[PDB]
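Read the structure below first, then the notes.
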Amino acid sequence: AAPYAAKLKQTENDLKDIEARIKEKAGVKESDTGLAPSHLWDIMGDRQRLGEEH
Amino acid sequence: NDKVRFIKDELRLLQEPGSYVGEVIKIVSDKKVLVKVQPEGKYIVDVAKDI
Amino acid sequence: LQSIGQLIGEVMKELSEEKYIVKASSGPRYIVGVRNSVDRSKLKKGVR
Amino acid sequence: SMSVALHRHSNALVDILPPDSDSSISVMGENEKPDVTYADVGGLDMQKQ
Amino acid sequence: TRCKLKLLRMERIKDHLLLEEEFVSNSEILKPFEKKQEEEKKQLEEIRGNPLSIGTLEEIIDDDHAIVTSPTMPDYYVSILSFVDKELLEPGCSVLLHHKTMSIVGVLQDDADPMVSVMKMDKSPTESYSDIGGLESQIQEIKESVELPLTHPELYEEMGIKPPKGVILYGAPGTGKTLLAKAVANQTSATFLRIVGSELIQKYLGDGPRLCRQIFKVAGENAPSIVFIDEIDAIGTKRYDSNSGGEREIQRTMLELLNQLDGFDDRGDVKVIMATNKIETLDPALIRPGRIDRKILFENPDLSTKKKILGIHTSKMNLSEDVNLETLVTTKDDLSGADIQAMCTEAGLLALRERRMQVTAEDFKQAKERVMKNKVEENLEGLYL
Ligand SMILES: Nc1ncnc2c1ncn2[C@@H]1O[C@H](COP(=O)(O)OP(=O)(O)OP(=O)(O)O)[C@@H](O)[C@H]1O
Ligand SMILES: [Mg+2]
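Chains H, J, L, K and I are the protein sequences, given in the same order. The authors' numbering applies: residue 42 is where the first sequence begins, and numbers increase by one. The authors' numbering applies: residue 52 is where the second sequence begins, and numbers increase by one. The authors' numbering applies: residue 98 is where the third sequence begins, and numbers increase by one. The authors' numbering applies: residue 134 is where the fourth sequence begins, and numbers increase by one. The authors' numbering applies: residue 53 is where the fifth sequence begins, and numbers increase by one.
Below is the structure:
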């Protein structure tokens, strides 16, 4: 059965490689939320968060 | 001696707070993961030091 | 103010004459003791 | 899978319970029968055998 | 032998390289920067506590606050502050709150929810460009409505007409209405949404109308799209229960579905597909024509149509020299396309039964008589004779 048999296992390993590839990919995504005009919002941001006002 | 330390050990962890159980819905790149606790809301919470 | 409010249950089901399972009206089932200020000759299943 | 006891503050398993309580009752009246004269031993024994 | 090797030549080297490339790059990303971006990140982590309670943004009041409704029972007037903008948010989007004192500390969700996860799919379609024959005509009607605006919008503009919105596939079971929609979706290379209409409904109340909103909300972000809400029958006219625990749920959920389909605008860029057993398991008016064009009634393969389905199957199984193609058709009388596939599965089991490696003449003949026997009526020719 050598024409299809050998080539069957070879098919299978590629699919498994592709599944593994997707779990490597999704564990790192695009950085972060940091934006220079809302880094200036941070100055006021520490005080209100720690305070009793919201 | 081993028998007394272990009973104290059983007792110790009961005094420590409870534990829970969720399932990860998605992965975050801030070094966090998004967990959905089974009777409760979603939380993005820091991960264990061993994983 | 010093009396302090109380919670009601109903005896869900006898488990011992020492320990009794109550069904809380507040919610969850509990196993609770008994005191010497209640008669356990008059606790019986389904008594409030 | 069965009933079990958890402590209230620990919220951890410290004791175990029968599964025979926490369900519905085993006998709705008294476990021993009310009639002790009987009208089952006296009345249709043949059918009762 | 030679061409399955050629598939291996293309897939092994390119794919294996791709895994390895990702894996080094995850390290490599880090190395270009060493200040500025690192710093900003560092203070984002000081600000945002651990854990974060989820929120849902109801609405933004323009003054550096907002109102959220959260899985925490009381609502909150939260503030918009720290690494978030007023215009980085839109209403109805999912937000991240600070555990201690609720504040929108940014978004990393943007309509990330479990019902979204079921709905989006990364799966491969089962059929690609009508792999299995029969129903040639019906696909040249789905395609006119659904595929054709996406591929060429220009042609509708010369015509001066508005372009269609949605299709309704209905009628017979075993005719592969649910598979033609999958075919059409692969042909275009559109975004496909396998959500099922029955997966919004649960005993517990009041959850459902959120779910109906989220479908239309996500579909528009990733537009162009094809949305398939499969099995919208169950949420039809019918009731959950005749006692309790569901008197409301079906009623709110359906109504809420019609509303956000129309409310988009009359678009020809987000199509919907309603798959349903009949219009007798739904309400008598839907939403209700001029707006939902076109309606496709599936009925049973005819002698031409069922030939076509059959020829596909028989060639993928050993022999056809034994019993002519025509002789299979002749023996069969008209039935759905499942009954045609069923005869071939049974034929194959019969070759196993004998312990042959050929589908012999005897196997074909028995397999044909079996299916006809299920699935039987004889009072068509009994009234007559
Ligand atoms: N034009 C076609 N496209 C796809 N498959 C077809 C076509 N015509 C006939 N078939 C046949 O019909 C078979 C049955 O399809 P399937 O059972 O999925 O039906 P359905 O109408 O979507 O059903 P349900 O009511 O069970 O959701 C296919 O496996 C195939 O053999
Ligand atoms: Mg179907």
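Every residue gets a Cβ at the ideal spot worked out from N, C-alpha and C, and that includes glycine.
query: Chain-ordered neighbours of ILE105 (chain L) on chain K, where CB pairs are closer than 7 angstroms; result: Residues of chain K passing the Cβ test: none, with the nearest at roughly 18 angstroms.
query: Range covered by the alpha helix (DSSP H) that runs through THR397 (chain I); result: 390-406
query: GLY389 (chain I) beta carbon less than 8 angstroms from that of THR178 (chain I); result: no
query: Meets three-Cβ-pair contact criterion under 8 angstroms: the region 251-271 of chain I and the region 210-227 of chain I; result: no
query: Beta-bridge partners of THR121 (chain I), as assigned by DSSP; result: I:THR108
query: Distance between beta carbons of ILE325 (chain I) and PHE280 (chain I), contact taken as under 8 angstroms; result: 4 angstroms
query: Integer-rounded CB distance, given that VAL75 (chain J) should sit under 8 angstroms from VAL84 (chain J); result: 6 angstroms
query: Nearest neighbour of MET154 (chain I), chosen from I:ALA394, I:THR108, I:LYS87 and I:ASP114 [CA to CA]; result: I:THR108
query: Below-8 angstroms beta-carbon distance, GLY69 (chain J) vs any chain K residue; result: yes
query: Under 7 angstroms (Cβ pairs) to chain H, residues found in the region 68-92 of chain J; result: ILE78, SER80 and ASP81
query: According to DSSP, residues forming a beta bridge with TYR117 (chain L); result: L:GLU111 and L:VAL129
query: Any 3 or more C-beta pairs closer than 8 angstroms across the region 349-358 of chain I and the region 270-285 of chain I; result: no
query: Proximal residues to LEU202 (chain I) (C-beta, below 6 angstroms), its chain only, five neighbours per side dropped; result: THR240 and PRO276
query: Bridge partners - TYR128 (chain I), DSSP secondary structure assignment; result: I:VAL120
query: Any non-hydrogen atom of ligand 3 closer than 7 angstroms to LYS330 (chain I) Cβ; result: Ligand 3 is absent from the structure shown, which contains only ligand 1 and ligand 2.
query: Member of I:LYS384, I:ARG346, I:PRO341 and I:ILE344 whose CA lies at the smallest distance from the CA of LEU362 (chain I); result: I:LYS384
query: Distance cut-off 7 angstroms: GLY102 (chain L) Cβ against heavy atoms of ligand 1; result: no
query: Close beta carbons around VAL79 (chain J), own chain, < 7 angstroms, minus the five adjacent residues each side; result: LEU85 and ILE95
query: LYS229 (chain I): CB within 7 angstroms of a non-hydrogen atom of ligand 1; result: yes
query: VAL136 (chain I) and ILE156 (chain I) closer than 8 angstroms at C-beta; result: yes
query: DSSP-derived helix/strand/coil call for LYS83 (chain J); result: strand
query: Contact set between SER143 (chain K) and chain J, taken where Cβ atoms lie within less than 9 angstroms; result: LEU64, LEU65, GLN66, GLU67, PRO68 and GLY69
query: Residue-chain proximity (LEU112 (chain L), chain K), Cβ-Cβ < 8 angstroms; result: yes
query: Boundaries (first-last residue) of the beta strand (DSSP E) holding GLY158 (chain I); result: 156-158
query: Buried/exposed call for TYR181 (chain I), threshold 16 Cβ in 10 Å; result: exposed
query: Beta-carbon spacing of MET109 (chain L), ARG126 (chain L) below 8 angstroms; result: yes
query: Cβ-based burial, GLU163 (chain K) [other Cβ within 10 Å; buried from 16]; result: exposed
query: Residue span of the beta strand (DSSP E) that contains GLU74 (chain J), given as start and end; result: 73-78
query: DSSP-derived helix/strand/coil call for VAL324 (chain I); result: strand
query: Where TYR208 (chain I) falls: helix, strand or coil (DSSP); result: helix
query: Which of helix, strand or coil DSSP assigns to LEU146 (chain K); result: strand
query: Residue interval of the alpha helix (DSSP H) (run including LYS93 (chain J)); result: Per DSSP, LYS93 (chain J) belongs to no alpha helix (DSSP H); it is in the beta strand (DSSP E), 93-97.
query: Terminal residues of the beta strand (DSSP E) in which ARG265 (chain I) lies; result: It is not in any beta strand (DSSP E) - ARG265 (chain I) instead sits in the alpha helix (DSSP H) that spans 260-273.
query: Neighbour list for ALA164 (chain I) in chain J, Cβ cutoff strictly below 7 angstroms; result: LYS77
query: First through last residue of the beta strand (DSSP E) which encompasses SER296 (chain I); result: Per DSSP, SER296 (chain I) belongs to no beta strand (DSSP E) and is neither H nor E.
query: CA-to-CA distance, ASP174 (chain I) to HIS140 (chain K), given in whole angstroms; result: 46 angstroms
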